[PDB]
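Novice:
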Amino acid sequence: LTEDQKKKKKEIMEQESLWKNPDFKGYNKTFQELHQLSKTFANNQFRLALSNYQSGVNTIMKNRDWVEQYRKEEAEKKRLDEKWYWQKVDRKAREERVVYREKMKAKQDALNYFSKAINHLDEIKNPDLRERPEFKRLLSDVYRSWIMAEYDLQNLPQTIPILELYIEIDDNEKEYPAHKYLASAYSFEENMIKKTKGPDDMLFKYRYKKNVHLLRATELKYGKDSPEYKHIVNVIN
Amino acid sequence: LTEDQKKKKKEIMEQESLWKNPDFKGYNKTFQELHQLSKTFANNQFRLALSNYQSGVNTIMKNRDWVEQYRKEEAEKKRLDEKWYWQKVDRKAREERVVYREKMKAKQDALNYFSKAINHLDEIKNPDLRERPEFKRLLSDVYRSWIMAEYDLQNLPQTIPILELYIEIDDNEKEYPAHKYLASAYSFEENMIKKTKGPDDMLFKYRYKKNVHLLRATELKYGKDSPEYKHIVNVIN
Amino acid sequence: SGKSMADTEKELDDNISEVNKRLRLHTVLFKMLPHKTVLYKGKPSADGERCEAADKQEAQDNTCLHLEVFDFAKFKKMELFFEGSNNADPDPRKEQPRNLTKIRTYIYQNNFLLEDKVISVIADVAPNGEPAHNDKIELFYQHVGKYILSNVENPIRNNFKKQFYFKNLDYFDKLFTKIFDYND
Amino acid sequence: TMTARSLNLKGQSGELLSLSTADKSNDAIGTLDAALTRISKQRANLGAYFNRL
Amino acid sequence: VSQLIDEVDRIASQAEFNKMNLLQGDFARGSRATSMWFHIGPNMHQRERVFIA
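Shown next, in the form of structure tokens:
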């Protein structure tokens, strides 16, 4: 390969890791690096913003532990009225409901915390401070977890304004997962217009934005004028 | 073991002994030394402060004797209406309440005496006398017994201002149990915020202060350049 | 009595000495991080009380180590200023100690109170000399005024070394050692 | 008192024309127990106060 | 029969009065040893004990 292709391969893997579903080592790493930055920043409102963000992810992490425990406790119940197919079918469906409803509340609590983290960052008014690498990384990570919390519950239209704010910050636009999620969420919205028989202007708006971020994700991972880039361009043209 | 490790090992054992639950040999040693120090000090308000501290410790010692005698007298009773498991459990729980309530009153009386010992030490205004080891040796003994009296009854939030005053007083700070109790009491307070869904500022304040004194306790007992100090800080970040 | 004070002060003089003897070893880091820790290599500069980070962190002529320690803001800083040049050999596993000319520390957060005042800056101008070097320790007090530790009544002088200065010497010497071990 | 006297849950699971939904049903009813408790007992204070007057 | 068995466990668990659980194993002790003591006369020592599970 070329030096740029080798570099690119390394970077795409780092970006996929960056967007990894949360776990205890990633929680540690993510907060450890966000911890580095707030230290240098030495700004009480940024300190508060991170305190709220971390409380939000803690809600998510505590929920993930709850979901395993709940499924465990259900698995360990002896189910005597479950001898016919439909009976097991029900109890599976109710397990999905209780888990989904609790995950929905955990998401709502996590987003209230993320909203508070953003409201505290909003109080940093000095443009010399808002342009700090410390400011931009935290604001990016708050948006990323917000996007992921909604994404996991299939709330894809809601991820669009946050993905769009995300890619505007400090070269986030060059992240392959960011464009993949934008393209997928736009695709969903296009399909919503087709299923609900909505207006053509919105059909084409969503289709256009899907194709822009589809092609950009392709360019970023495979390179301009790669067999894969050429393919997506030829489909669009 | 090196000259530093031998010193450290020896000191940790002396410190663990210093914070040993009270008994008759420790009582005797403590008050023989305090009375000799009082004779050296030749200060009527210190003498009074010591008289009150000793009365407080006597309350604690008399209570320990009561608890053994009470449990003995209960063990020796014939229980004719104890046919069921739930009857045995109920009666056990009632015993535990009587012991806990009497220990709570003994703690309250002991802390009234410790408060009086402090109020008398407060009356020594001359800065040349307040800086005497005799003065702050007693004040350290009062707060140490005070901390332990509360700790035993799980009154951990109440131990924090006294532990903090303790380590600021006359060279106590390098005592590993003092930092262990601070870390444990802060951990309790962190858990209280997590369980009661309290404010984020207090969660992370308490979590931080747990980690500071956890790390300092680690440094003191397990040593600088131990795998133990290396690990704890890397987790804490 | 004054006997206990005298013995305790002696123990603390030796505690700061033994750690200063370990701190003088961090020369091994010039030819060479734990979390919350940022190390810079540099040279004594300005008025001789502060350490200026190098443009070339790996440079063989660095004679000061500047370590910033963070937690939840900057909480602590230490500057180790060494007497003598480094060994020509580029391998840090072979490098030897250099007596410290000075140790300068700063406390920004986790401020300790000595008789209700904060000593935010401590300047030791004879860290590898006689353990009893209180007259070589400048204390910068906030409620920052300059006091000399040897003119501090004594407990007060004892509380200073056990609550403030030994802490920073041992906290920093360990964080420097972590970096060394991780890269060595 | 105001609606923010209890956990003021709005909307309900499913499709809405709002952007809010209620929380875990188990707590939602439990919250109404809290609402009932908080206000009724506050009336108790006024009741008791009246008796004092 | 299977659900009839499950229904029994649920009745015992959910059979509340004034937020007291009156059938599951919180008798003669739950988190607290307090049980169904009733005060029947106007004075002290005019008491009754009930247990059930």
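In order, the protein sequence lines correspond to chains A, B, C, D and E. Residues in the first sequence are numbered consecutively from 99, following this note's numbering. Residues in the second sequence are numbered consecutively from 99, following this note's numbering. Residues in the third sequence are numbered consecutively from 1376, following this note's numbering. Residues in the fourth sequence are numbered consecutively from 122, following this note's numbering. Residues in the fifth sequence are numbered consecutively from 6, following this note's numbering. Cβ atoms here follow ideal geometry from the backbone N, Cα and C, with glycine treated the same way.
1) Can you list, in chain order, the stretches of the beta strand (DSSP E) that have 3 or more residues and sit fully within the region 1397 to 1427 of chain C?
2) Shortest alpha-carbon distance to E/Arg34 belongs to which of B/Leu135, B/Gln185 and B/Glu200?
3) Whole angstroms is fine: what's the gap from A/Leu132's alpha carbon to B/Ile291's?
4) Measure the Cβ-Cβ separation of C/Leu1442 and C/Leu1414 and say whether it is below 7 Å.
5) Looking at C/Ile1512 and C/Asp1499, is the spacing between their C-beta atoms short of 7 Å?
6) Could you name the residues of the region 145 to 162 of chain A whose beta carbon sits closer than 8 Å to any beta carbon of chain B, in the order they occur along the chain?
7) Would B/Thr294 be called buried (16 or more neighbouring beta carbons within 10 Å of its own) or exposed?
8) Could you tell me the alpha carbon to alpha carbon distance between A/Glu273 and A/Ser136, rounded to whole angstroms?
9) Using 8 Å as the threshold, is the region 1399 to 1416 of chain C in touch with the region 252 to 263 of chain B, meaning 3 or more CB pairs across them?
10) Against chain A, which members of the region 1428 to 1449 of chain C pass a CB distance test of less than 8 Å?
11) Along the region 260 to 275 of chain B, where does the CB come closer than 7 Å to a CB of chain C? Name the residues.
12) With respect to the beta strand (DSSP E) encompassing C/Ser1495, which residues constitute its N-terminal and C-terminal limits?
13) Mind pulling the chain E residues with CB within less than 8 Å of B/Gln185?
14) Give the secondary structure of residue 90 of chain E by DSSP, where H, G and I count as helix, E and B as strand, and everything else as coil.
15) Would the beta-carbon of C/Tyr1540 fall within 7 Å of that of C/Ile1497?
16) State yes or no: is the beta carbon of A/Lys214 nearer than 7 Å to at least one beta carbon in chain C?
17) Are C/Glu1458 and C/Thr1402 close, meaning C-beta to C-beta below 7 Å?
18) Between which two residues does the beta strand (DSSP E) carrying C/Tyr1481 extend?
19) Are the CB atoms of C/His1410 and B/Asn217 within a distance shorter than 7 Å?
20) Can you tell me which of C/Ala1428, C/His1508, C/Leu1524 and C/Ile1531 puts its alpha carbon nearest to the alpha carbon of B/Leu227?
21) So for A/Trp244, helix, strand or coil by DSSP?
22) Do you know offhand how far A/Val240's Cα is from A/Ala208's?
23) Anything in chain E within Cβ reach of A/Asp179, meaning under 7 Å, just list it in chain order.
24) Go ahead and label A/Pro275 buried or exposed: buried means 16 or more other beta carbons lie within 10 angstroms of its beta carbon, across all protein chains shown.
25) How would you write the range of the beta strand (DSSP E) that E/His44 sits in, first residue to last?
26) Near A/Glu200, what residues of its chain come up, given a Cβ to Cβ distance below 8 Å and the 5 sequence neighbours on each side ignored?
27) Are the beta-carbon atoms belonging to C/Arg1425 and C/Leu1475 less than 7 Å from one another?
28) Should B/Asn141 be labelled buried (16 or more other beta-carbon atoms within 10 Å of its own) or exposed?
29) Looking at the secondary structure, which residues open and close the alpha helix (DSSP H) in which B/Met111 lies?
30) For residue 62 of chain B, which of B/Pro325, B/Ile267, B/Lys322 and B/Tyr284 has the nearest alpha-carbon?
31) Quick one: give me the first and last residue of the alpha helix (DSSP H) that D/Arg159 is part of.
32) Between the alpha carbons of A/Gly124 and A/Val155, how many angstroms are there, rounded?
33) Just the Cα atoms here: how many angstroms apart are C/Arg1479 and C/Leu1544?
34) Report buried or exposed for B/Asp121, applying the criterion of at least 16 other Cβ atoms within 10 angstroms of its Cβ.
35) Could you say which of B/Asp188, B/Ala204 and B/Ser149 lies nearest to B/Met159 if we only look at CA atoms?
Specialist: The structure says:
1) Note on the region 1397 to 1427 of chain C: whole beta strand (DSSP E) runs with a minimum of 3 residues are 1412 to 1420, in chain order.
2) What you label residue 34 of chain E is simply residue 29 of the fifth sequence in a count that begins at 1. Closest by alpha carbon: B/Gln185.
3) Numbered from its first residue, the first sequence carries residue 132 of chain A at position 34. Numbered from its first residue, the second sequence carries residue 291 of chain B at position 193. If I take the Cα positions, the gap works out to 23 Å.
4) Here residue 1442 of chain C refers to the residue found at position 67 when the third sequence is read from its first residue. Here residue 1414 of chain C refers to the residue found at position 39 when the third sequence is read from its first residue. Yes, these two residues count as a Cβ contact at 7 Å.
5) Here residue 1499 of chain C refers to the residue found at position 124 of the third sequence. Here residue 1512 of chain C refers to the residue found at position 137 of the third sequence. Yes; because the gap between Cβ atoms is below 7 Å, this pair is in contact.
6) Taken in chain order, the members of the region 145 to 162 of chain A whose beta-carbon sits within less than 8 Å of a beta-carbon on chain B are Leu146, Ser149, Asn150, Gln152 and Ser153.
7) Residue mapping note: residue 294 of chain B aligns to position 196 of the second sequence, counting from 1. So B/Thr294 counts as exposed.
8) Translated into positions along the first sequence, residue 273 of chain A becomes position 175. Translated into positions along the first sequence, residue 136 of chain A becomes position 38. Straight through space, the alpha carbons of A/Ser136 and A/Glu273 are spaced by roughly 23 Å.
9) Contact fails: fewer than three Cβ-Cβ distances are below 8 Å.
10) Listed by position along the chain: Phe1445, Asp1446, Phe1447, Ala1448 and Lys1449.
11) Residues passing the 7 Å Cβ filter: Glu266, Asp268, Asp269, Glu271 and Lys272.
12) Against the third sequence, residue 1495 of chain C aligns to sequence position 120. Boundaries of the beta strand (DSSP E) around C/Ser1495: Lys1492 to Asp1499.
13) Residue numbering aside, residue 185 of chain B sits at position 87 when the second sequence is read from its first letter. Within chain E, the residues near B/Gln185 are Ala33.
14) Only positions 6 to 58 of chain E appear in this structure, which leaves residue 90 of chain E out of reach.
15) Position 165 of the third sequence holds residue 1540 of chain C. Position 122 of the third sequence holds residue 1497 of chain C. In contact: C/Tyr1540 and C/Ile1497 (Cβ atoms closer than 7 Å).
16) Here the question's residue 214 of chain A lines up with position 116 in the first sequence. Closer than 7 Å: no.
17) Stepping through the third sequence from its first residue, residue 1458 of chain C is reached at position 83. Stepping through the third sequence from its first residue, residue 1402 of chain C is reached at position 27. Remark: C-beta atoms of C/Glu1458 and C/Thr1402 do not approach each other more closely than 7 Å.
18) Your numbering for residue 1481 of chain C matches position 106 in the third sequence. In the DSSP assignment, C/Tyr1481 falls within the beta strand (DSSP E) that extends over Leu1475 to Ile1482.
19) Counted from its first residue, the second sequence places residue 217 of chain B at position 119. Counted from its first residue, the third sequence places residue 1410 of chain C at position 35. No, Cβ-Cβ distance for B/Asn217 and C/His1410 is not below 7 Å.
20) Reading the second sequence from its first residue, position 129 is the one you call residue 227 of chain B. For B/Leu227, the nearest C-alpha among the options comes from C/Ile1531.
21) Against the first sequence, residue 244 of chain A aligns to sequence position 146. Note: A/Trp244 maps to helix in three-state DSSP.
22) Taking the first residue of the first sequence as position 1, residue 240 of chain A is located at position 142. Taking the first residue of the first sequence as position 1, residue 208 of chain A is located at position 110. Whole-angstrom Cα-Cα distance: 10 Å.
23) For this step, residue 179 of chain A is matched to residue 81 along the first sequence. Within chain E, the residues near A/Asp179 are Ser7, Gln8 and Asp11.
24) Sequence index remark: in the first sequence, residue 275 of chain A carries index 177 (1-based). Per the 10 Å Cβ criterion, buried.
25) For this step, residue 44 of chain E is matched to residue 39 along the fifth sequence. Where E/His44 is concerned, the enclosing beta strand (DSSP E) starts and stops at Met41 to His44.
26) What you label residue 200 of chain A is simply residue 102 of the first sequence in a count that begins at 1. Excluding sequence positions up to five before and after A/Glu200, its CB lies within less than 8 Å of the CB of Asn161, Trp164, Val165 and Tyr168, all in the same chain and listed in chain order.
27) Counting from 1 along the third sequence, the entry for residue 1425 of chain C is found at position 50. Counting from 1 along the third sequence, the entry for residue 1475 of chain C is found at position 100. Judged by beta-carbon spacing, C/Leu1475 lies beyond the 7 Å limit of C/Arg1425, meaning their Cβ atoms are not closer than that value.
28) Along the second sequence, one-based indexing puts residue 141 of chain B at 43. Note on B/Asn141: 16 or more other CB atoms within 10 angstroms of its CB, so buried under the neighbour-count rule.
29) As a working mapping, residue 111 of chain B is identified with position 13 in the second sequence. B/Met111 -> alpha helix (DSSP H) spans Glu101 to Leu116.
30) Outside the modelled stretch of chain B, which goes from 99 to 335, sits residue 62 of chain B, for which no answer is possible.
31) Numbered from its first residue, the fourth sequence carries residue 159 of chain D at position 38. Note, D/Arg159: alpha helix (DSSP H), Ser146 to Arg173.
32) Taking the first sequence and counting its residues from 1, the one referred to as residue 124 of chain A is at position 26. Taking the first sequence and counting its residues from 1, the one referred to as residue 155 of chain A is at position 57. Each residue's alpha carbon lies about 11 Å from the other.
33) Indexing the third sequence from 1 puts residue 1479 of chain C at position 104. Indexing the third sequence from 1 puts residue 1544 of chain C at position 169. Their Cα atoms are separated by approximately 10 Å.
34) Indexing the second sequence from 1 puts residue 121 of chain B at position 23. By the neighbour-count rule (16 or more Cβ atoms within 10 Å), B/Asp121 is not buried but exposed.
35) The residue labelled residue 159 of chain B in the question sits at position 61 within the second sequence. Minimum Cα distance to B/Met159 is reached at B/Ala204.
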